[PDB]
Number of protein chains: 2
Amino acid sequence: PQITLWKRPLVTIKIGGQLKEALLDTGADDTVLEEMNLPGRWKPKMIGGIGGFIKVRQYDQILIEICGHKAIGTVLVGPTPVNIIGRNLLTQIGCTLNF
Amino acid sequence: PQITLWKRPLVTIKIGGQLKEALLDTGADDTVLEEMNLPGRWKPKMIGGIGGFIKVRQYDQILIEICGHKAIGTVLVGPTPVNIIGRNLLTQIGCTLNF
Ligand SMILES: COC(=O)NC1(C(=O)N[C@@H](Cc2ccccc2)[C@@H](O)C[C@H](Cc2ccccc2)NC(=O)O[C@H]2CO[C@H]3OCC[C@H]32)CCCC1
């Protein structure tokens with residue numbers, strides 16, 4: 001589909017058996033989700049944004065369904081205020097900016 | 001044009017007569033540029049992203065050309081790590097997400 005930018009581009013995602021709302025963010029290198037208890041191993045990471053850095057847990061080869069489009073990649077989990085879908089997964093669903 | 005997301009969607013912008021590189025950022029409500037001298041009046045403001053808040057100077061009704069498309073809107077200037085073009089200007093140049 002096509003998503004205008006009058007409002008935040010929030011869509012429904014499915015991860016780890018749960019439905020969530022997430023922001024399609026062309027300005028995010030990585031996908032960063034609000035605190036959730038995913039199974040398996042992880043590695044610590046620090047990611048920077050406007051204002052500074054936050055600590056997150058890096059999970060690899062995680063499946064996420066974004067508006068029915070599946071993507072498999074790295075998912076970071078930590079104290080983010082909004083679920084963010086980043087370019088690592090947006091590329092996999094064929095997402096483009098168009099003007 | 002159509003922009004894929006395998007790389008950061010960086011474009012050349014012109015503001016205050018000066019060229020700069022900036023990030024097309026669907027995850028930003030607002031446009032935030034690195035410290036620079038802009039003509040006209042400004043008001044102090046604060047904006048919060050990942051990591052915390054930063055102090056910015058808000059310039060309203062500023063001419064800015066983004067990848068050949070002209071916009072006139074609010075620009076925030078402050079210690080941002082990257083020049084980011086947010087949805088307030090992305091809507092003016094007719095930008096949408098598509099997948
Ligand atoms: C390298 O990849 C990343 O940096 N990605 C992260 C990231 O911060 N990216 C930035 C762009 C960015 C920032 C700094 C350096 C390079 C690129 C935005 O794309 C996403 C945030 C999300 C957010 C919404 C609400 C509240 C807090 C946070 N938007 C944001 O700060 O916007 C500002 C400006 O407008 C305002 O609206 C929203 C808040 C205001 C870092 C980790 C994950 C995301």
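So that the names make sense, note that chain A is the first sequence line, chain B the second, and so on, each numbered from 1.
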Would you call A/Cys95 and B/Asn98 a side-chain contact if the rule is heavy atoms closer than 4.5 Å?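 Counting from C-beta outward, A/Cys95 and B/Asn98 never come under 4.5 Å.
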
So B/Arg8 and A/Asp29, do their side chains get closer than 4.5 Å, heavy atoms only? yes

Of A/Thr80, A/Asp25, A/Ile66, the largest count of non-hydrogen pairs under 4.5 angstrom with chain B goes to A/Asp25

Shorter than 4.5 Å, heavy atoms on both sides: which option in A/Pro79, A/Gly86, A/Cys67, A/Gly49 has the most such pairs with chain B? A/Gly49

Toward chain A, the part of [X] with a non-hydrogen atom under 4.5 Å:
X	answer
B/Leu24	both
B/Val32	side chain
B/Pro1	both

What pairs meet the salt bridge (charged side-chain N to carboxylate O under 4.0 Å, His left out) rule with one or both residues in residues 70-79 of chain B, with sequence neighbours excluded?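 Sorted result for residues 70-79 of chain B: empty, none.
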
In terms of heavy-atom contacts, B/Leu97 and A/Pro9 come closest through CD1-CB, 4.0 Å

Please say which of A/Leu90, A/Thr26, A/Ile85 ends up in a side chain to side chain contact (heavy atoms under 4.5 Å, CB included) with B/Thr26. A/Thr26

Please say which of A/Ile50, A/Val82, A/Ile84 ends up in a side chain to side chain contact (heavy atoms under 4.5 Å, CB included) with B/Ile50.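 Between B/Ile50 and the candidates, side chain to side chain contact (heavy atoms under 4.5 Å, CB included) is satisfied uniquely by A/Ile84.
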
Please check this pair: side chain of [X] against backbone of [Y], looking for a donor-acceptor N/O pair closer than 3.5 Å.
X	Y	value
A/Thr91	B/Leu5	no
B/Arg87	A/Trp6	yes
B/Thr96	A/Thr4	no

Connected to B/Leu19, directly or through other members, by ILVMFWY side-chain contacts below 4.5 Å are none

